[PDB]
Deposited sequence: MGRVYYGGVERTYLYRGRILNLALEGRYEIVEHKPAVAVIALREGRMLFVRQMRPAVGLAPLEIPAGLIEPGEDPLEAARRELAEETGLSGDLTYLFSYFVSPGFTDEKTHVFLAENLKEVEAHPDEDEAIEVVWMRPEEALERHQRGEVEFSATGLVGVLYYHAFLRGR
């Protein structure tokens, strides 16, 4: 059983026996390749004080399933729509939070609409920039880069 220390906007903090638990809405992330470039985004993230390289990602809000949330954040963050395929999911850090991320591939991208910086970048270059200390990754950004190298070359 959980006792709640804080009920917030995008998280709750609970204690469960000796365990500190952060409840958090699920998330989605979209991997998209065009002309050899992957679709990254960057935004200032106050939790870390910097703008890591991410792929388009967002929270699943009331009413939505993961596919719908993925289509929405792709459009809102980048102005694009595409044909989305579910790939896999992961718990971001299951030792303390229940946040689960559902990852999609987007193909056949179309601009549907003309704080978030869109960064098209070859994944090989993202990985080299990271290795040289020039940019940080989020989990979603790293998953995109690794998925590309595994399956999209």
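**Asked** Which segments of the deposited sequence lack C-alpha coordinates in the modelled structure, numbering from residue 1?
**Response** Comparing the full sequence with the modelled residues, the uncovered ranges come out as 1-9, 124-129, 169-170.
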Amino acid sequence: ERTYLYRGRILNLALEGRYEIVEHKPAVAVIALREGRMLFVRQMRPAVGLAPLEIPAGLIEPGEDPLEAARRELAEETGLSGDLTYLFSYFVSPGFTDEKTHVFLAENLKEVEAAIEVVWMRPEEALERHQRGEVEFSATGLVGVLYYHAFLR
From here on, numbers count along this sequence of modelled residues.
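**Request:** Decide which of the stretches 144-152 and 2-10 has the higher mean C-alpha B-factor, going by the entry.
**Result:** Comparing averages over the C-alpha atoms only gives 2-10.
**Prompt:** Should the higher mean CA B-factor in the entry be assigned to 119-127 or to 90-98?
**Reply:** Mean CA B-factor is higher for 119-127.
**Message:** Is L15 in the lowest, middle or highest third of its chain when residues are ranked by C-alpha B-factor?
**Reply:** It belongs to the highest third of the chain when residues are ordered by C-alpha B-factor.
**Request:** Please place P52 in the lowest, middle or highest third of its chain by C-alpha B factor as given in the entry.
**Result:** Its C-alpha B-factor belongs to the middle third of this chain's values.
**Request:** Just say lowest, middle or highest third for the CA B-factor of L84 relative to the other modelled residues in its chain.
**Result:** Tercile = middle for this residue's CA B-factor.
**Message:** When the deposited Cα B-factors of this chain's modelled residues are ordered and cut into thirds, is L33 in the lowest, the middle or the highest one?
**Reply:** Its C-alpha B-factor, which the entry lists for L33, ranks in the middle third among residues of this chain.
**Asked** Looking at the C-alpha B-factor of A27, is it in the lowest, middle or highest third of its chain?
**Response** Lowest third.
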